[PDB]
Amino acid sequence: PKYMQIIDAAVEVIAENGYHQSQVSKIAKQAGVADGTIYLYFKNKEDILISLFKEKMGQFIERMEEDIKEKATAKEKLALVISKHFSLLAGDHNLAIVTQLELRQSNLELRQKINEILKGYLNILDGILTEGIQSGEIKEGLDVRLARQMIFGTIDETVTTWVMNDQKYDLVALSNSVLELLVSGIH
Amino acid sequence: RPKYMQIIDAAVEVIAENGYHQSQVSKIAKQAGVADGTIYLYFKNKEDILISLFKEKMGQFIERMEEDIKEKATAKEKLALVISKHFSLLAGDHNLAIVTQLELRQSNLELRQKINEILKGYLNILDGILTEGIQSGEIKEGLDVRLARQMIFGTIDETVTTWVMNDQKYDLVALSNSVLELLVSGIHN
Ligand SMILES: CCCCCCCCCCCC(=O)SCCNC(=O)CCNC(=O)[C@H](O)C(C)(C)COP(=O)(O)OP(=O)(O)OC[C@H]1O[C@@H](n2cnc3c(N)ncnc32)[C@H](O)[C@@H]1OP(=O)(O)O
């Protein structure tokens, strides 16, 4: 709808200056819409950011929930999550910036709302790790919470370094290397 | 410089308590017990306080760790000490941890370039640990240094973040060894 049109404009505006500096005024402009229509779909500036994450990352998470079920091993499931996460971000310069730089919010209730959306992603990781242990693919005795932190932390920092380097190298081509590092470690 | 450091300390406190954007020079000045003009005698602006805060703390963090890792032989041992020192510093200072994990995470891409340039000193240590390990035959052949470093930092960093998200209520430092072992051996059986 026009709902998606403002969401898409929001991605552009927030990426340009950062969320705090971004203005609702300029979001309407890039959307090609008037200020009042923004308040027809959204409560405020904060609601736009949450909805952005819900729509962009939330839909990614749901797709992953389905698509990993096709894959036999925990390794392969993880291979797809990383690969698809890199692809999503590499297909949109502004999306990469927003998802990385605005994931960790200072304001508590805004942070809670975004964390809640990202929990679905962490849930997937925990589920891959648990099933992996039960089948014997993954280290028995593995602290699932810690391993999920490592996996997510590694994915996130790989994307963040790329964003800091103005996305000037091929993120997607790194996914298998990232997988192997997570699977085998450095020794 | 004593007044310089007192301002840094006050800034950590105020920025952690109020958030960086809701933090203002005048409130940091009040917290430090100096006049507003005294802040500017040392800093360009609020932005410069945040950058210098990071530059300062990172400097002291390395100086402890850099002299300490030299005694340790293997890459694994050096990493062990990197993780525990990283965890120890942030567990010892509640407010500093909020700053590193949240308040320094500014989305103004430009400002974030100046912050990350300070991080480079630390990431370089990780790189050196890996390349020493490569040369001695300790590290897995086929490893990419840049990516492994991103793994190591991202993993340590996410562990601190999750801890901060949970109000720093559990013993972060005690997870050091397990995080090390995950990074060294991976998730596989
Ligand atoms: C006080 C308490 C302490 C405790 C620790 C402190 C924690 C508090 C930190 C809070 C601030 C954060 O947000 S930290 C959490 C999020 N993470 C980050 O912000 C860090 C992300 N990384 C970066 O910012 C950047 O990598 C820098 C600026 C830090 C490092 O830049 P650099 O020195 O150029 O190194 P690097 O990025 O490797 O770039 C070198 C060249 O290699 C390329 N390159 C980089 N990675 C890769 C790769 N995986 N595969 C291929 N190529 C790559 C780059 O494009 C670049 O191209 P060319 O153009 O050079 O050819």
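Worth knowing before you read on, the calculation uses all heavy atoms, side chains too, and leaves out hydrogens, waters and symmetry mates. Lettering of chains follows the sequences in order, A, B, ..., and the numbering in each one begins at 1.
At most 12 heavy atoms of other shown residues, nucleotides or ligands fall within 6.0 angstrom of atom NZ in A:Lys54. The neighbour count for A:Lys26 NZ, taken as heavy atoms of other residues, nucleotides or ligands under 6.0 Å away, does not exceed 12.
Side-chain atoms of A:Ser106 and B:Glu103 include a donor-acceptor pair closer than 3.5 Å. Checked by atom type, the side-chain pair B:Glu56/B:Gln60 shows a donor-acceptor distance below 3.5 Å. Side chains of B:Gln106 and B:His21: a donor on one and an acceptor on the other come within 3.5 Å.
Residues passing the side-chain contact (heavy atoms from CB on, under 4.5 Å) test with B:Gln101 are B:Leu90, B:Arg105, B:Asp157, B:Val160, B:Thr161, B:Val164, sequence neighbours excluded.
The existence of a salt bridge linking B:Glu71 and B:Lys78 is excluded, since no basic side-chain nitrogen approaches an acidic carboxylate oxygen closer than 4.0 Å. Contact check on B:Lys114 versus B:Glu110 returns a salt bridge, with a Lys/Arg side-chain nitrogen under 4.0 Å from an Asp/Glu carboxylate oxygen.
Under a 3.5 Å cut-off, the side chain of B:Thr100 and the backbone N or O of B:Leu96 do form a donor-acceptor pair. A distance-only check finds no donor-acceptor pair linking the side chain of B:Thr162 to the backbone of B:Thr159 [under 3.5 Å]. For A:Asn165 (side chain) and A:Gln167 (main-chain N/O), no donor-acceptor pair under 3.5 Å exists by modelled atom type. In this structure, the side chain of B:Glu77 engages the main chain of B:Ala73 through a donor-acceptor pair within 3.5 Å. A:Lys29 places no side-chain N or O within donor-acceptor distance of the main-chain N or O of A:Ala34, the cut-off being under 3.5 Å. With hydrogens and angles disregarded, no donor-acceptor distance shorter than 3.5 Å links the side chain of B:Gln22 to the backbone of B:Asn18. For the pair A:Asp92 (side chain) and A:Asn94 (backbone), a donor-acceptor distance under 3.5 Å is present.
Figure legend: B:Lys46 and B:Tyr20 shown as a cation-pi pair, the cationic atom lying under 6.0 angstrom from the six-membered ring centre and within 45 degrees of its axis.
The shortest side-chain heavy-atom distance between A:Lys84 and A:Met64 falls under the 4.5 Å cut-off. Counting heavy atoms from C-beta outward, B:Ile187 and A:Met150 have side chains that approach closer than 4.5 Å. Looking at heavy atoms from C-beta onward, B:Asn189 lies out of side-chain contact with A:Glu137 at the 4.5 angstrom threshold. Two residues are said to be in side-chain contact when any heavy atoms from C-beta on lie closer than 4.5 Å; B:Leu119 and B:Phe153 meet this criterion. Inter-residue side-chain proximity for B:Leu182 and A:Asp143 is flagged as unmet; no heavy-atom pair is nearer than 4.5 Å.
Relative ring orientation between B:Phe61 and B:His86 is described as perpendicular, the plane-to-plane angle rising above 60° on a 0-90° scale split at 30° and 60°.
Contact between B:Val145 and B:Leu130 at its shortest, heavy atoms only, is O-CD1, 3.7 Å. For A:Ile97 against B:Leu109, the heavy-atom pair with the smallest separation is CD1-CD2, 4.4 Å. Shortest non-hydrogen contact noted between B:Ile139 and B:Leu143 is CG2-CD1, 3.9 Å.
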